[PDB]
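So here's one chain in two forms, each on its own in structure tokens, numbered structure 1 and structure 2.
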Structure 1
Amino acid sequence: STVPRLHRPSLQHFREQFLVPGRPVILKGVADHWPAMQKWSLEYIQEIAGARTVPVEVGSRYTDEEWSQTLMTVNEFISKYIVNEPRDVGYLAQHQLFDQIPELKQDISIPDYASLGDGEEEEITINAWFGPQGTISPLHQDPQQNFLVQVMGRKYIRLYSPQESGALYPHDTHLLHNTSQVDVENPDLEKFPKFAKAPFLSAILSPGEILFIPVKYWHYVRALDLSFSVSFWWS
């Protein structure tokens, strides 16, 4: 089934109907006027920080377990993995562009819906990153509440509740813990028969929209276009 969409709901409505019971929802009209929506482009990023060095994870396939960390400039990442056709797959490690490019911080705002949490102020972790069309983030479980905001490009997202964990064949990976062994969009049901019967929610997230991913929900993502995302994590 699909993720419900709400237009600028009251803080109390979001808290009681979605945050407390742990139900996913897409909030509209909340981030659509961030300056980032009208400013961020590859050109803008390169004008500010193209010469700055960022950590990049490189691997053979988005769904493989072989990943090594490297260091390259923003310009080099864009040239090798976005402008030209790469020989492998790469993504920005840790998704923390705000460390190397603090100038971007002024172009966003923390959604007020995140201060409904028991941890506020410096306890909100904020990540920003961009990546080429086709970037896949394998199905994995999140230890904190999450807002995912699309600035550029569309993303396909699939969500499973923690109640379905057993059907997702979890294991720990060198990169992160609580990852599914299943290829969400082309599952091998001979090896993973329970996956077929797990219900899920899915949506295509577009620029300006915020997806609320409740704590311990499982989520899978694929970038359908060149993508720029911002995520907020809190307890």
Structure 2
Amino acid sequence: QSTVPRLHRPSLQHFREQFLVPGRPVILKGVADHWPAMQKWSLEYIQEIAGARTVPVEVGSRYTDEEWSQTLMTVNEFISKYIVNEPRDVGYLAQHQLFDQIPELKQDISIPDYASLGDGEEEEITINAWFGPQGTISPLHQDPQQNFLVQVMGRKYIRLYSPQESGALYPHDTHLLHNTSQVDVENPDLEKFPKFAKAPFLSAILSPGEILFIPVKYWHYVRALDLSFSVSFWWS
């Protein structure tokens, strides 16, 4: 159990050799801290630019829950019901291609140059928004591409487990959830999942202007500590 390392604007070669090729997480500083988003994206700005648009919203504590569901509403409705007014349930505008929907917002972000070290096309990079209140939780899971998760507003608590530790994370048996752990990271049932207790991990609090590199297939768990807006870039 240790902290994810933080590096200020490392060279492309240093990132490639020490992090990308070996598949090791790192937080990059001084890279996204000057996105216009970092100063422009307030709730008021998001309402002005996106408020009338329809977005998918996940409702419930964790997508692994039984009562969890997905609905559609405007961004203004999402803010009113799940952020500003004392909300009744946790809602999360998660994993949504908001920048394709609202191209004006693309002007406020940039793809990190480190993504050019991959073997894929820039036109195939997928950019997703993650916008929600304090307390959203994305259960421990792994993704099939590299990721840069950029924090714009608020902070997130992140726990990372290597693919080498997959046995101790008890992936779901069904094919559709095989990329998700059965374990609740922050309150694990150690009578049912004893191997989880000894599995090593990295953790961090990701703050505005920071980029977390999540290597392909690295298991990650994310809880928002404040009202939060993150932007993920999936690339190969």
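In this text, rigid core is short for the largest set of C-alphas that superpose within 1.5 Å between two forms. Sequence positions of structure 1, starting at 1, serve as the residue numbers.
Trainee: Picking from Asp64, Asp172, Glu43, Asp188, which residue has its CA shift by 2 Å or more between structure 1 and structure 2, once the rigid core of the two forms is superposed?
Mentor: So the residue whose C-alpha moves 2 Å or more is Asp172.
Trainee: Checking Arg87 here: with the core superposed, does its CA move 2 Å or more between structure 1 and structure 2?
Mentor: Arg87 C-alpha, core-superposed: shift of 2 Å or more.
Trainee: Once the two forms are fitted on their rigid core, how many angstrom does the CA of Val54 move between structure 1 and structure 2?
Mentor: Residue shift at the C-alpha: 1.3 Å.
Trainee: If the core is used for the superposition, what shift in Å does the C-alpha of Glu120 show between structure 1 and structure 2?
Mentor: Comparing between structure 1 and structure 2 after core fitting, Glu120 shifts 2.5 Å at its C-alpha.
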